[PDB]
RNA sequence: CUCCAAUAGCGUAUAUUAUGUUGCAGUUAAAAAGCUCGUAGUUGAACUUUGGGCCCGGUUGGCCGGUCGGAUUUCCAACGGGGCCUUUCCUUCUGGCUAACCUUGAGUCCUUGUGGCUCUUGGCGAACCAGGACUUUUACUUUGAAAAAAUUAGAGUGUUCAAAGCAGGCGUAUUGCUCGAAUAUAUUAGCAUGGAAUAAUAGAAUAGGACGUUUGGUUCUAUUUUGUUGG
RNA sequence: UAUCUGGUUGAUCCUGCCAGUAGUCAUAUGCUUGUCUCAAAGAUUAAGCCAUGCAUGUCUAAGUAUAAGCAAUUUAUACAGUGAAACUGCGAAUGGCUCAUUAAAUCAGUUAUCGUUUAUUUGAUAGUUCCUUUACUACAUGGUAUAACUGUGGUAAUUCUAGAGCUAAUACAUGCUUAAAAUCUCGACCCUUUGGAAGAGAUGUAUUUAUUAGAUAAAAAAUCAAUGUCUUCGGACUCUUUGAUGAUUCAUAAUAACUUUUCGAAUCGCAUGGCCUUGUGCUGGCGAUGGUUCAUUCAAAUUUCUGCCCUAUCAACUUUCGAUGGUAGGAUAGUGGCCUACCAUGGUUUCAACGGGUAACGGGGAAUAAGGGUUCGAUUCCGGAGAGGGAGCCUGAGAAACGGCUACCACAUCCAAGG
Ligand SMILES: [Mg+2]
Ligand SMILES: [Mg+2]
Ligand SMILES: [Mg+2]
Ligand SMILES: [Mg+2]
Ligand SMILES: [Mg+2]
Ligand SMILES: [Mg+2]
Ligand SMILES: [Mg+2]
Ligand SMILES: [Mg+2]
Ligand SMILES: [Mg+2]
Ligand SMILES: [Mg+2]
Ligand SMILES: [Mg+2]
Ligand SMILES: [Mg+2]
Ligand SMILES: [Mg+2]
Ligand SMILES: [Mg+2]
Ligand SMILES: [Mg+2]
Ligand SMILES: [Mg+2]
Ligand SMILES: [Mg+2]
Ligand SMILES: [Mg+2]
Ligand SMILES: [Mg+2]
Ligand SMILES: [Mg+2]
Ligand SMILES: [Mg+2]
């Protein structure tokens, strides 16, 4: 309104951060970074809220400035850094590595991974082009730009990136039978396989996913991420595996988990 | 409420000049105290009355001529 | 600027102040359970109105509708837990019974008196509100 | 329309950056560019072979078709190279529970590769602002 | 000042709109350059973003390009001789795009007689080797020949010189030359 | 002085609240124009694939209940669904998933078994890939995606109750384990989709029509092969 | 309009009528007012006027310290801890407040940018810079001209400033170093060939124009050009690379030039390693800051389709002075009558245009409700607009900004009457 805004009033935050109303008047507004605004998670909503390591939003800064937390191998200090889908948050002390994946309610899970898995991440290509001096590049979903890819890589192929070197290691095409994790819209977090794909020259090509209990559903392609072949996935899925239970079965599960 | 009555109009002069222009155009399509009205009307009735009374008197004299 | 802390009123005035059956009923209630004003009775009748209408609006479903099964088991479980409903009468139909005295019997004041440690109703209210 | 005697106006007309070369002497005598509008519409033969010059024609010009594709009947063709079409719909008044006829005129650009008269049904497609009120090119002519 | 807003204009039914906001910066428009001929000067405006524009005023040479032969030479613009939009810019010699100017002929003739050795009008044995190796292409046209005999060629401007400060152009050849000769001399 | 009502609340004034789509009234007490013609508007008769035959099984209901309170096997009852065949384009072609067993070489676990299936020697054009080549257009109606959060309904939860809040619970409480923050709504437009009743629309009357291994050329576009790029 | 009370006569019944009888939830007001949890604060259609205070500034090890500032005492004689002032940088364009204007306008859902700008953040990215590139030109590193400070002052007065003397930079202004090839152009040569030949020049990036490539639907000859690998000297053309989208004159590359020549690190902190020929020789670590272009992100600006209250006793309107369109230019970040010149006569309208009224900011939403509906929404979230009224504009990525400037209308403060 003459320039970019800078505050974000809580109640206009993303609904999936689970920020309680009546605790203050504003919400952490993510800086500009790799991931978009509505579909990121700042590090202060992750360190403070989720893991309960901090109590304030000041002790978060005194964690980040001791050079402790690193997103994707590189050590980050901007306390509202937009962490996002498929990142690898390493905390050196506590010996922990997390990856940010969804879960079938739409949130962002606290999903610890092992060490040797914490050294790659997946990136869905978003464009391929000839760069400059005739050098091809790919542009993945987290803003990366990788020169010299394998010429069989086209738009919507999922690439597997080695965090240290930064180079592409591996890739996965986009075809039926591929395992798909859905990051966007109403089915946010469900895992199925592809069954079909509709053409629509002109806009918004749809995709018929089917999960592992035979419940098909349709999403736009924009919201589809490919994470491996049938059976075998490449990342490690969170618990519950993307099934989308239904609430009567959810309560039968909870109640039958009556252990004390 | 474009042509309202604002509270103070000396302190809104640039505004009312702009509104005068707006009205000029939009209704050039057609252009192409009431006690002062009551006072003017009564005055003009009075003047008409007195001129007629004068005329009446001159003619009644001229009718005295031809009795 | 903050988010609003919501609220809503728990009682509501009935149709008419006088309708002598209503005055006689409220006198029987507020004298038998040892109450204070008419707002206690109207608050309980507001609760029971809400319960009984939402249960009615369930009965205009059909059995094996997921919405009816889910919220019917929810409502029945709550009314069993409070004690208002029985243990054997656990169909959705029986909550279209449940007159006000069923609620006003689970009240802590009467429950003190019934346990025989209070010697009256009003003495029970006074033992309660004096810690 | 463009009305052959193509060099009618006070400046020479040519497709920009299309250069026919006087130091070669072929017979087709004017090198000519035409694109493919996309979306399954066909470049008509009068664009591939014709000699008009239009800079807002989707097949031989510098617009592109994207976004909404509309249809409607032509209602007047009295402007130069543009026309006005007319779309009708039924709008639902929910109190009365009924409908009512409504309509919108729309000015669209007709490239001179088409021959369009009044009463004629047409399918148009959206291009960038062509003039003050024009945002649409005729892309196929049906009836 | 000079704005590019469309909300002061009558709506397409012929209506008349009441304005709902003041002028904005992102709708401006500055002054025309009206860039005459002679003794270079250029003033650089700061546009949106940073973003220089070099508003030229009184420019006098240009990089004119001979399209058919495939070259370009920096020659000296000598006067606007026809303008399609507005016959006033002829009278006052104002360089806009599509102005029809007369340039110089002398770099071009020098180059041509260097490239082929043909002396437009009427020994170092390597040079004989090249010139005889390209003598089929030693053929221009009837008309451009006559212009070279005169001393100055017609040329169109194809660079906006109020926007980039450079008045480049190209040399008329072909049917465009016949059209502009007919127009220019059927005025006269 | 005696009652009555509401009660940490109670009174008075002013307003306002409990036109007709559903759903009003017009001889005699609101209101049918003096009369006919008439453009916009609303509205408009019937008719075009009906009917049969075969197979497949869903989801109920009954006989059932094998079980340590439902896992389900034989039947017919209805209810929805699909595929063939009955003159029934089911868009045409391009080398391919050849779709599919119309294709075939041998074998059989098991109630006597058309009650039950592993591998392949010309194959099947529709598996829709991508590709061409084109196709009457709507209204309606189902289903999907969409329509921020808070608000509203609503699941869980002893804020001591409650209004609320989205917290919390449980242990070896001596260095630690765990459940949550569901769900629905949202009407018109746009997008995608099954349906083809109802209501419009349009094709062959000067046949300027349709298919065609036909045979006149007029033409133009340029794939390949003549070194190679031009002709 | 139910319920309840009463009146309708000489009474009593039964009908009927009449009067009184109800929550509203909005404004104004009265009497009362102890405890716990909670949280609100508009209004004269006056978007009328404002005393005083405050609300926007900022420093790390890491741009500039000789404060004639403070503390030392530890290796610090260029400096070295801390550190006012001032230069530089960044921010002040967010937030907060209000609802005056505004009736296809805003706004709501839905599109588009193959029609553009983008500080920052994140990921990539830069061996080419002067020269006939040898008689040198700082690269162990170039030049002024100011602040604060000192000093002399003006005026009643203000966050007013003049004149003289110093000195800095990531201020400002300049300006070097390096691979190896390959490539074309001009070519001294000699010896005539079917021609080859030393050398010299250009090669990064950005800008501006002209041109070329960016293919693809399946046969073979005859034809010359011309012999290009092999020459098996005849000729076989044998093997021939090329991304994306629905779609491009796209991405990208190439040729000829152009430019008041853009960028291609003279900057800063901690460490002190290897070397080995011991020279203050050669290399070398973790960071900070800056930089070109491309992409991303936070945004912006335009934009597609449908949707507004009362009014016909408002029926024709727009078009001189842009109204609808065509061509060319100018202007803009960019499309566009956005403006200019010329030309055409169009555009909307009983399916209600145009013109009035609005105690009209739009939406999420609130209330009554059996429903259909009807009313309310300045007011906790989003979108617009405004900062007494009108008009301009500066700096900046971003403003037509008002706790920025400039003039005018209206108010109004100080005065030594000049400001
Ligand atoms: Mg703001
Ligand atoms: Mg698109
Ligand atoms: Mg009629
Ligand atoms: Mg009919
Ligand atoms: Mg106390
Ligand atoms: Mg109006
Ligand atoms: Mg109107
Ligand atoms: Mg960068
Ligand atoms: Mg000085
Ligand atoms: Mg280009
Ligand atoms: Mg233009
Ligand atoms: Mg004009
Ligand atoms: Mg309103
Ligand atoms: Mg208003
Ligand atoms: Mg509002
Ligand atoms: Mg403003
Ligand atoms: Mg004021
Ligand atoms: Mg700034
Ligand atoms: Mg201002
Ligand atoms: Mg202020
Ligand atoms: Mg402000």
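Chains as they are written, first to last, in the entry's author numbering: chain DE, 2 to 261; chain JD, 2 to 33, 87 to 121; chain DJ, 2 to 132; chain DL, 2 to 144; chain DI, 2 to 123, 135 to 200.
A virtual CB, placed ideally from N, CA and C, is assigned to each residue, including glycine.
{"Query": "Going along the region 197-208 of chain DE in order, which residues come within less than 8 Å of chain DL, judged by CB to CB distance?", "Result": "202, 203"}
{"Query": "Rounded to whole angstroms, what is the Cα-Cα separation between residue 152 (chain DI) and residue 76 (chain DI)?", "Result": "20 Å"}
{"Query": "Starting from residue 71 (chain DL), trace the beta strand (DSSP E) in both directions and tell me its first and last residue.", "Result": "70-77"}
{"Query": "Any idea which residues DSSP pairs residue 44 (chain DL) with across the strands?", "Result": "Answer is none; residue 44 (chain DL) lacks a bridge partner."}
{"Query": "Taking residue 217 (chain DE) as the reference, give the member of DE:203, DE:11, DE:223, DE:208 with the closest Cα.", "Result": "DE:208"}
{"Query": "Excluding sequence positions up to five away, which residues of its chain have a Cβ less than 7 Å from the Cβ of residue 30 (chain DI)?", "Result": "3, 4, 5"}
{"Query": "Would you list, in chain order, the members of the region 40-65 of chain DL that have their beta-carbon closer than 8 Å to a beta-carbon of chain DE?", "Result": "40, 41"}
{"Query": "Which residue spans inside the region 45-90 of chain DE form an unbroken alpha helix (DSSP H) run of at least 4?", "Result": "60-65"}
{"Query": "Which residues mark the beginning and the end of the beta strand (DSSP E) in which residue 97 (chain DE) is found?", "Result": "97-100"}
{"Query": "Whole angstroms is fine: what's the gap from residue 106 (chain DE)'s alpha carbon to residue 134 (chain DL)'s?", "Result": "48 Å"}
{"Query": "Buried or exposed for residue 21 (chain DI), please, with buried defined as at least 16 other CB atoms from any protein chain shown within 10 angstroms of its CB.", "Result": "exposed"}
{"Query": "With distances taken from CA atoms, which of DJ:38, DJ:103, DJ:47, DJ:19 is nearest residue 9 (chain DJ)?", "Result": "DJ:47"}
{"Query": "Should residue 139 (chain DE) go down as buried or exposed, given a rule of 16 or more other Cβ atoms within 10 Å for buried?", "Result": "buried"}
{"Query": "Less than 8 Å between CB atoms is the rule here; does residue 134 (chain DL) satisfy it with respect to chain DI?", "Result": "yes"}
{"Query": "I want to know whether the region 5-21 of chain DE touches the region 62-78 of chain DE - three or more CB-CB distances under 8 Å.", "Result": "no"}
{"Query": "For residue 1 (chain DJ), does the three-state DSSP call read helix, strand or coil?", "Result": "The structure shown does not extend to residue 1 (chain DJ), since chain DJ spans only 2 to 132, so no value can be given for it."}
{"Query": "Which residues mark the beginning and the end of the beta strand (DSSP E) in which residue 123 (chain DE) is found?", "Result": "121-125"}
{"Query": "If you measure beta-carbon to beta-carbon, which residues of the region 68-88 of chain DI are closer than 7 Å to chain DL?", "Result": "68, 69, 85"}
{"Query": "Along the region 7-23 of chain DE, where does the CB come closer than 8 Å to a CB of chain DJ? Name the residues.", "Result": "10, 11, 12, 22, 23"}
{"Query": "Hey, is residue 248 (chain DE)'s beta-carbon within less than 8 Å of any beta-carbon in chain DJ?", "Result": "yes"}
{"Query": "Contact defined as beta carbons within less than 8 Å: I believe residue 159 (chain DE) pairs with residue 172 (chain DE). What is the distance between those atoms, to the nearest angstrom?", "Result": "7 Å"}
{"Query": "Taking the continuous alpha helix (DSSP H) assigned at residue 73 (chain DJ), which residues delimit it?", "Result": "67-83"}
{"Query": "Going by C-alpha distance, which of DI:149, DI:176, DI:117, DI:123 is nearest residue 141 (chain DI)?", "Result": "DI:117"}
{"Query": "As an exercise, report each continuous beta strand (DSSP E) stretch of at least 3 residues that is fully enclosed by the region 46-95 of chain DI, in chain order.", "Result": "51-58, 62-67, 72-77, 80-83"}
{"Query": "At a CB-CB cut-off below 9 Å, which residues of chain DL make contact with residue 155 (chain DI)?", "Result": "Near residue 155 (chain DI) there are no residues of chain DL at all, since even the closest Cβ is about 10 Å away, more than 9 Å."}
{"Query": "Please classify residue 19 (chain DL) as buried or exposed, where buried requires at least 16 neighbouring CB atoms within 10 angstroms.", "Result": "exposed"}
{"Query": "Going by beta carbon distance, what residues of the same chain come within less than 6 Å of residue 54 (chain DE), once the five residues before and after it are set aside?", "Result": "48"}
{"Query": "Drop a sphere of 10 angstroms on the beta-carbon of residue 8 (chain JD), count the other beta-carbons inside from all chains shown, and report buried for 16 or more, exposed for fewer.", "Result": "exposed"}
{"Query": "Identify, in the order they occur along the chain, each residue of the same chain with its Cβ nearer than 7 Å to the Cβ of residue 77 (chain DL), setting aside the five sequence neighbours on each side.", "Result": "84, 85, 119"}
{"Query": "Answer yes or no: do residue 182 (chain DI) and residue 68 (chain DI) have a C-beta to C-beta separation smaller than 8 Å?", "Result": "yes"}
{"Query": "Helix, strand or coil: which one does DSSP assign to residue 106 (chain DL)?", "Result": "strand"}
{"Query": "Check the DSSP bridge columns for residue 137 (chain DL) and list the partner residues they point to.", "Result": "DL:127"}
{"Query": "For residue 66 (chain DE), count neighbouring Cβ atoms within 10 angstroms of its own Cβ and tell me buried if that reaches 16, exposed if not.", "Result": "exposed"}
{"Query": "Assign residue 214 (chain DE) to buried or exposed, taking buried as 16 or more other Cβ atoms, counted over all protein chains shown, within 10 Å of its Cβ.", "Result": "exposed"}
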